[PDB]
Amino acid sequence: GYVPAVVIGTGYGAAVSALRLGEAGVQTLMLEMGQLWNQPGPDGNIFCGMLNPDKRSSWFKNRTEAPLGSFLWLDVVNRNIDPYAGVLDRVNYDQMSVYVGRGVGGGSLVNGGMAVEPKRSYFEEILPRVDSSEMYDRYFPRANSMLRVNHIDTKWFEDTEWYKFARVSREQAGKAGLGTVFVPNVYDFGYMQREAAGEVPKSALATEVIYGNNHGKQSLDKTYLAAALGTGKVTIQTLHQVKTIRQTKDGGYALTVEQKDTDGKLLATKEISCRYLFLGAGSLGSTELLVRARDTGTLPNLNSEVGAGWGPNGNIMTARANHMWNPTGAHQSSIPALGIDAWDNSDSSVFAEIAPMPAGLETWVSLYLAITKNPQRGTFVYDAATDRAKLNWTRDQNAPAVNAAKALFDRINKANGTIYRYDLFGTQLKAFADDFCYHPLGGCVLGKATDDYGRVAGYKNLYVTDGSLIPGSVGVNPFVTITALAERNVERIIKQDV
């Protein structure tokens, strides 16, 4: 079958693109390899919590895993599971594990909701060919409104047990001269206040986030994708994974698409063709499709920048042991509200999330997800033998990121007479987790693999829309940037190309 436009994936880039295509009257099919998350499970909820992981937690794994930072307290709840089309996929490369969402809404299903604009001067540094005025005057505000970004009530924040953990780190940071900032979110903070009051079913306040939130979080299925479906011009097919892309002889695109069940069994393989093809399969998924197409000869005119320029947004996790007089609380909202902004665009920059921990008892640990400025980049290299695009990143490539995170938290420790935890990541003494990524960026970089609007070099009517466009780093949690860039891009593409 033929459809005018196909969008691969249903994350941020995809969702923006499909909404605007549908509003423009372009009949659009979205193909999502994961599930539509709307069926109550065996506990009556759609998603499993972090204290009760089951097969819904994991994309085709045989055992649940603890949230990073929390193995010491949450390994006790791990269990063997059947490989299943669950919501969170730990993708293992040789020296890097990248975590991604799988389902209608992509990473919006599993992420912490943190909705942050990058510093304009940093945006201008990383993407000098893009008009920063339209981004800050038009596309960032548009994204914030459509995403349903909202702001925590500061009096509630100050008073509630559920944010003690955040207030402790604010106080400790302050002794080192370092400031915090409130971080806007797509989790409804009014709902969260009502959870604390016992008035509505808990989600953030019942140790849910990374395997989905049963309530409160305005993931993309509720925002952009609901609106896209509302146009009457967009449909979504789930458990459909695009495997290959080719150009037809008349300049359209044809896809091989596998349909599976939730156990992973192959039900059918279909050919889908289109006029306009939009990739929204993520940093990993879009890049793999294009590297595969180049190196197996189905899109032979793709350039050498396809696959290049990947970075983990400088992601590093670390933790501090608090004084006994500074407990962080047994009750910690799963949605962060505060960060430490020590980002000045130099190589010592750090923007850190003050991360909650789900243990549910007092541990005195403060956890942080640092975002750093590390120029190292990796490349996805096609392995024809296994048919996989393998990220060649080495752990030593994160040394600059570790060094920046360590310098910042050493200041905090010095000012407070505290030490790191060394036991949260494995039994070897390791204070800094340096081989994970929640924020994969790059692989199909804007202006390198594509033009300045994500048009893939070498091809007409072929677009990349997602985190693969970003040059490895944005200095903040990335989805607002992905969303705003996608607003900019699809608007231009519809005007000039469609």
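Rigid core (definition): largest C-alpha set, two forms, superposition within 1.5 Å. Residues carry their position along the shown sequence, with the first being 1.
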**Study point:** in 5 other deposited structures of this protein, rigid core aligned: more displaced of 250 to 258 and 387 to 395 by C-alpha RMS
**Key:** 250 to 258
Check your understanding: Averaging C-alpha B-factors over each stretch, which comes out higher, 427 to 435 or 450 to 458?
Key -> 427 to 435
Exercise for review: Read off the CA B-factors in the entry, average them over 264 to 272 and over 222 to 230, and name the higher stretch.
Suggested key: 264 to 272
Revision key, fill the gap. Listed options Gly101, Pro312, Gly179, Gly113: highest C-alpha B factor recorded at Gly179
Exercise for review: Sort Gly280, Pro201, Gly339, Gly107 by C-alpha B-factor from the entry and give me just the highest.
Suggested key: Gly339
Check your understanding: In terms of the chain's CA B-factor thirds, is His215 lowest, middle or highest?
Key -> lowest
Exercise for review: Divide the modelled residues of the chain into thirds by Cα B-factor and specify which third, lowest, middle or highest, holds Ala355.
Suggested key: middle
Point to revise | Cα B factor band for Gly442 (lowest, middle or highest third within the chain) | key: lowest
Point to revise | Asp89 CA temperature factor, ranked by third within the chain | key: lowest
Study note, to complete from the structure: Here the Cα B-factor of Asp43, set against its chain, lands in the third termed highest
